[PDB]
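# Examination of the molecular architecture
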Amino acid sequence: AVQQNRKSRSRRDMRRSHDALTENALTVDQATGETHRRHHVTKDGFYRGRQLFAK
Amino acid sequence: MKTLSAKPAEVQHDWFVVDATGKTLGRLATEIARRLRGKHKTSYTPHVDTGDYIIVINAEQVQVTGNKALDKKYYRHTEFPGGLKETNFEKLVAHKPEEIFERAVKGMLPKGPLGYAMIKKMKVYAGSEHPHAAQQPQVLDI
Amino acid sequence: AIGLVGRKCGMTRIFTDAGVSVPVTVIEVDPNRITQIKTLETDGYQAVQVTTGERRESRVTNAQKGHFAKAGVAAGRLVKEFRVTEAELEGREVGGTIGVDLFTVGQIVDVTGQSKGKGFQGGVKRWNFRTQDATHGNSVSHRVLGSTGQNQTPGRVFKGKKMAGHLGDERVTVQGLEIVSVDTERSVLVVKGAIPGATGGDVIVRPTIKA
RNA sequence: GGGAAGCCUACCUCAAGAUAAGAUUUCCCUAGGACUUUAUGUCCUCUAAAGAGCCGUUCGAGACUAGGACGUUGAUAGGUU
RNA sequence: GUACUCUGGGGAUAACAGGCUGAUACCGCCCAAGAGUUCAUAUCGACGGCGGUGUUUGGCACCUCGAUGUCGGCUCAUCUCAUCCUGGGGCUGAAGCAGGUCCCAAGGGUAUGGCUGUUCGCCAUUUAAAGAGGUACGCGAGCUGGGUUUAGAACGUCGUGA
RNA sequence: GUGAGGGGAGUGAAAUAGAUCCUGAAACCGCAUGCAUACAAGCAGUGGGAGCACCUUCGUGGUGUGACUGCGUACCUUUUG
Ligand SMILES: [Mg+2]
Ligand SMILES: [Mg+2]
Ligand SMILES: [Mg+2]
Ligand SMILES: [Mg+2]
Ligand SMILES: [Mg+2]
Ligand SMILES: [Mg+2]
Ligand SMILES: [Mg+2]
Ligand SMILES: [Mg+2]
Ligand SMILES: [Mg+2]
């Protein structure tokens, strides 16, 4: 099956009106003072007062 | 250019009360629709609503002539395959006179947004008393 | 009709003196606490609103806290109403308790609950359709719906056509169940038959309406 | 007046987007300026209430959604007994 | 001669379906000799006449040949009453149990197999019953391809031959 | 990223003449401003028409949008149509 007429740009945009993105949950860490994803380990290896990959 | 139209902001609507006991449905409905659309005012315009508010009292006391008390049938249809409901005038005016008057007046009014706005200016009550006492309505003959 | 709000605990059997095994269902009932009484002059109808369960203070909002404090009862896990008459309203004041002693052994009742959800289901399981042949050159169409209607008259699909969709998870009332017995020290009602819902769901038991 | 598996109620479910948008109980928000076009007027300063959402552990809920319970004042999930 | 076929064109012109018409078919009504029996307009009813719907066979060529692509079977349904059962009545050669005719009533229900591609029809055994029809003679961008109507081969008939 | 690409400086009469290099249109695709739009049915226009927003040779004026309303079933071929 295929369309019988063109779809105007208005209907196309009305259909695309549900394609908006959303932001993530970012919080400031209490220990390192850096922005990080909530409930996630910081990129340096720190999470909840603990430090992985001791250097 | 000299022919002017009514400004919708400058139109004023006044309240009236009509008693519907022992009156024929058709003539009363025509008069109500005429006074509701605004044909009685000299500033009448077809695209502006200049009517008045009409309150009907004693809605169940309306009467019809001949044998239309049992032969007048009202039909409605739900788009289901077998949903054709049919009712009589007697039972309908017994338990819902407002539907009777609303049908009678909507049948004689234009079909569109202006008609939908005009039909809201009519109030129908079965009892002999109406809550719109603050607007100070004036009694109308018929 | 004054009823009770209980929780389904599971199914069991009970052997009589003659040896007949009766399949029963257990409903545990915490003593309901009357929260509000609705009369005709203020609301237009007469009813009794009760609550049951237990909820922590962190999950109860300020509005519900004020409502329960006005009622003078502890906060429950749910609240339900019962449409009653003035004859059944004798000795029913706010803050009271509707115990399990409302029913008697041998009474016919109705049980209302929430059925289990099966998810998006097809026609065969939902409307008891018939499956086509699996052999004799049959194509990919095995459990399909089949035809839908006529071609040009009316030329559309009628409203109410049976098709695939969500199944279950809906309010269901089963009438005609006999309370096989009631135990007040454990506050339970064992009733003959099966009731809708899974274990741990809320059910409503009311007196029968057909008698 | 009597009068049928016929109609309206009666039984079960849905239902106020019924734009005619209904009702009940409870809860929350009571500061200091400037200017103009003196108006539920526009810019500043000071607080963000009751609640909802984001996130996480999850389900007898579930295509994605939505819905139910819980988040150290904890038995929501895993482990152990 | 082409069923091995091909090109340019047509609904100007056929086969299927729709439309107009209702000769034909179905149903109803009027008069009525006669008949079962010696009589009951209880029940049929000759010779004649008047209408209704559009379910059969037909007539006409208005749409479609720069395509409306199907005989039957399967799954899935919806509507009409000219009612098969269940429901309510009048009359009767209605003693009762039963039967026959007519009126009202569409809520629900309204078989399995053998033989054939079968629709249909015949047969065996059940049920309260196994109703008549419309919907592109419902439904093939939902399934099947057994029949018809491509290309191979043979028999019977016709042709000197294709 | 010792990449592509871009912003400065500089050359040039001219750099939206920068090597995808004279001028550089339409279909098509973004951003900003102004008005309208989430209870009302169809060739999307036309004749009226209130309001709103910027202009002023401050008007029985201009530029945009335009709720509400009467009427209104595209173009070409071939045909009795
Ligand atoms: Mg089968
Ligand atoms: Mg149509
Ligand atoms: Mg001709
Ligand atoms: Mg009949
Ligand atoms: Mg019968
Ligand atoms: Mg098709
Ligand atoms: Mg409306
Ligand atoms: Mg609006
Ligand atoms: Mg115009």
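Residues numbered from 1 in each chain as written, not as in the entry; some residues may be left out. Chains lettered and ligands numbered in written order. Part of a larger assembly, values for the part shown. Heavy atoms only, no water.

Per the deposited record, cryo-EM is how this structure was determined, to a resolution of 2.95 Å.

### Focus: the protein's contact with RNA strand E
Residues and elements named next belong to chain C. Of all residues adjacent to RNA strand E, which total 21 residues, the nearest are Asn138, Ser139, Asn151, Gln152 and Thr153. At a separation of 3.3 Å, a base nitrogen of RNA strand E approaches a polar side-chain atom of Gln132. In terms of residue class, the surface near RNA strand E is built from 5 nonpolar, 13 polar and 3 charged. (Near = heavy atom within 4 Å. Polar contact = N/O pair within 3.5 Å; in protein donor to acceptor, adjacent residues only side chain to side chain. Nonpolar A, V, L, I, M, F, W, Y, C, P; charged D, E, K, R; others polar.)

### A few points about the pairing of strand 1 (residues 15–19) of chain B
Residue and element names in this part refer to chain B. When you tally the buried positions in strand 1, you get 4 out of 5 residues, the bulk of the element. Sheet topology note: the strand 1/strand 2 (residues 53–57) ladder contains 5 bridges and is parallel. Residue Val18 lies in a different strand from strand 2, and its bridge partner there is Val56. Note on the crossover from strand 1 through helix 1 (residues 25–37) to strand 2: the handedness is right-handed. Inspection of the sheet shows strand 1 paired to strand 6 (residues 138–139) by 2 bridges, in the parallel sense. Within the sheet, the bridge partner assigned to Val17 lies in strand 6 and is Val139. (Buried < 20%, exposed > 50% of the residue type's maximum accessible area, 1.4 Å probe, protein only. Helix = DSSP H or I, 4+ residues; strand = E, 2+ residues; numbered from the N terminus. Pairing = 2+ DSSP bridges. Right-handed = clockwise from strand over helix to strand, strands pointing away.)

### A few points about the side chain of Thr52 of chain C
All names here are of chain C. Here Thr52 lies in strand 4 (residues 47–52). Its relative accessible area of 3% is what places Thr52 among the buried residues. Not counting chain neighbours up to four residues away, the residues in contact with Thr52 comprise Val5, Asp30, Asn32, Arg33, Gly76, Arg77 and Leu78. (Contact = heavy atoms within 4.5 Å.)

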